[PDB]
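So the structure is just underneath, and the comments pick up after that.
Heads up: numbering here begins at 1 and tracks the sequence.
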Amino acid sequence: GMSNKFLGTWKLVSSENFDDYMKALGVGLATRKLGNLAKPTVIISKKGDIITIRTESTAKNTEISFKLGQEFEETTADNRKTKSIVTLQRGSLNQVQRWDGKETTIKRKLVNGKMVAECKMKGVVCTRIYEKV
Ligand SMILES: CCCCCCCCCCCCCCCC(=O)O
């Protein structure tokens, strides 16, 4: 299952191309400004087979809980209401969100003790790097 090394609190330390990823998602300028400045924490926890990923920032807080492989409804930081599924593939937590005939993917993997989130929307790619607090 998910490596226990995912568990704990992560702090954003670097990000590339997040503005364009937000643009692709239909996020407006005022909110993109927050997104490009914010350095959120991401808290990952688990109870039984339920994984929880909480994101905390002044910009916005979000929280999802899920079982691997099972679709759930999600409200995203930019207020999209999506049908989402997270699966584990070769160590990576692969989140797919679907809404309005659109889809985006966020893959989270552990690389060199960091958590690397790779986000893709119609060919626009960003990467966000987190360090463990
Ligand atoms: C919490 C991020 C900053 C808030 C900006 C408002 C919402 C726009 C961004 C929507 C998608 C966020 C995906 C984040 C992926 C990650 O966990 O690094």
Side-chain angles (χ1 to χ4, degrees):
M2 179 188 72
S3 167
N4 60 295
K5 295 207 181 181
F6 272 109
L7 303 170
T9 297
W10 298 92
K11 175 66 173 177
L12 188 71
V13 298
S14 190
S15 177
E16 61 87 15
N17 213 36
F18 190 49
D19 183 68
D20 200 27
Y21 177 73
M22 293 187 285
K23 282 202 281 192
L25 291 176
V27 182
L29 180 61
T31 302
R32 290 205 314 277
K33 287 168 173 168
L34 301 177
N36 288 322
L37 284 167
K39 300 185 175 299
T41 52
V42 172
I43 307 93
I44 304 179
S45 60
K46 198 170 178 133
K47 280 299 189 179
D49 65 351
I50 304 185
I51 294 150
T52 295
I53 300 171
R54 186 174 173 72
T55 303
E56 299 190 354
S57 77
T58 293
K60 185 69 170 64
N61 301 323
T62 59
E63 190 175 296
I64 61 174
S65 296
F66 54 90
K67 173 157 83 138
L68 295 166
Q70 195 165 272
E71 196 172 52
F72 62 102
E73 297 200 331
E74 174 176 9
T75 297
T76 61
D78 54 317
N79 211 231
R80 284 170 292 126
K81 299 298 181 157
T82 69
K83 296 188 164 313
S84 300
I85 183 163
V86 179
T87 54
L88 188 59
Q89 192 185 65
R90 295 187 248 94
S92 190
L93 289 171
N94 289 347
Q95 182 182 13
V96 186
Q97 310 169 326
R98 295 181 169 82
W99 75 106
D100 297 329
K102 303 166 186 174
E103 65 194 323
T104 186
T105 297
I106 300 171
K107 300 190 176 163
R108 295 179 173 94
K109 63 170 165 168
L110 302 175
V111 184
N112 293 116
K114 300 179 191 291
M115 179 176 63
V116 182
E118 183 194 39
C119 312
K120 295 175 167 183
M121 172 60 183
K122 304 170 313 227
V124 176
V125 184
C126 55
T127 306
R128 288 160 71 72
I129 306 293
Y130 292 85
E131 280 172 13
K132 194 162 210 294
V133 179

Practice task
List the steps, then state whether side-chain contact (heavy atoms from CB on, under 4.5 Å) holds for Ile53 with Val42.
Solution key: CA-CA 7 Å; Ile53 300 171; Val42 172; 3.6 Å; yes
Where is the tightest heavy-atom contact between [X] and [Y], given as atom of each residue plus distance?
X	Y	result
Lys107	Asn94	CG-OD1, 3.1 Å
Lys5	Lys132	O-CE, 3.9 Å
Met121	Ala24	CG-CB, 3.5 Å
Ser65	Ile50	CB-CG2, 3.9 Å
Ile85	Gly69	CD1-O, 3.4 Å

Spacing of [atom1] belonging to [X] relative to [atom2] belonging to [Y], to within rounding of 0.5 Å:
X	Y	atom1	atom2	result
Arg108	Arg128	CZ	CZ	9.5 Å
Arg98	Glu74	CZ	CD	12.0 Å
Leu68	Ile51	CG	CD1	4.0 Å
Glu131	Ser14	CD	OG	9.5 Å
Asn112	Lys114	CG	NZ	8.0 Å
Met115	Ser92	CE	OG	11.0 Å

Within 6.0 angstrom of [X] [atom1], more than 12 heavy atoms from elsewhere:
X	atom1	answer
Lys33	NZ	no
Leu7	CG	yes
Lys60	NZ	yes
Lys83	NZ	no

Practice task
State, yes or no, whether a side-chain contact exists between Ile43 and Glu56 at a heavy-atom distance under 4.5 Å.
Solution key: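 Yes, their side chains come closer than 4.5 Å.
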Exercise for the section: Let me see the working for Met22 and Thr31 under side-chain contact (heavy atoms from CB on, under 4.5 Å), right down to the final yes or no. Expected result: CA-CA 9 Å; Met22 293 187 285; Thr31 302; 5.7 Å; no
Exercise for the section: Just do the side-chain hydrogen bond (donor to acceptor under 3.5 Å, both in side chains) check on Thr41 and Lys11 with the steps written out, would you? Expected result: CA-CA 5 Å; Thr41 52; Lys11 175 66 173 177; over 6 Å; no
Handout entry: Counterpart residues, side-chain contact (heavy atoms from CB on, under 4.5 Å), relative to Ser45 (two or more places apart)
Key =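 Only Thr52 meet the side-chain contact (heavy atoms from CB on, under 4.5 Å) criterion with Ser45.
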Exercise for the section: Please assess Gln97 against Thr82 for the test side-chain hydrogen bond (donor to acceptor under 3.5 Å, both in side chains), listing each intermediate value before the final yes or no. Expected result: CA-CA 6 Å; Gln97 310 169 326; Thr82 69; 4.8 Å; no
Please determine whether residues [X] and [Y] belong to a single hydrophobic cluster, defined as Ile, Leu, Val, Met, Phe, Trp and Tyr linked transitively by side-chain heavy-atom distances below 4.5 Å.
X	Y	result
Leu110	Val86	yes
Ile64	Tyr130	yes
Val13	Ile106	no
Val96	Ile44	no
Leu12	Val116	no

Exercise for the section: May I ask you to decide whether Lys102 forms a salt bridge with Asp100, counting only side-chain N to carboxylate O separations under 4.0 Å? Expected result: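 Judged by the 4.0 Å cut-off on N to carboxylate O distance, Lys102 and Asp100 do not form a salt bridge.
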Problem - Main-chain N/O of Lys67 paired with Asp49 side-chain donor or acceptor, under 3.5 Å - result: no
Problem - Any donor-acceptor pair under 3.5 Å from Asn61 side chain to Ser57 backbone - result: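 Between the backbone of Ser57 and the side chain of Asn61 there is a qualifying donor-acceptor contact (under 3.5 Å).
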Practice task
Not counting sequence neighbours, list each pair that qualifies as a ring-ring contact (aromatic ring centres under 6.0 Å, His included) and has a residue in residues 2-58.
Solution key: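 Found none.
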Exercise for the section: Tell me, with the steps shown, if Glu16 and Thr127 meet side-chain hydrogen bond (donor to acceptor under 3.5 Å, both in side chains). Expected result: CA-CA 6 Å; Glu16 61 87 15; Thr127 306; 3.0 Å; yes
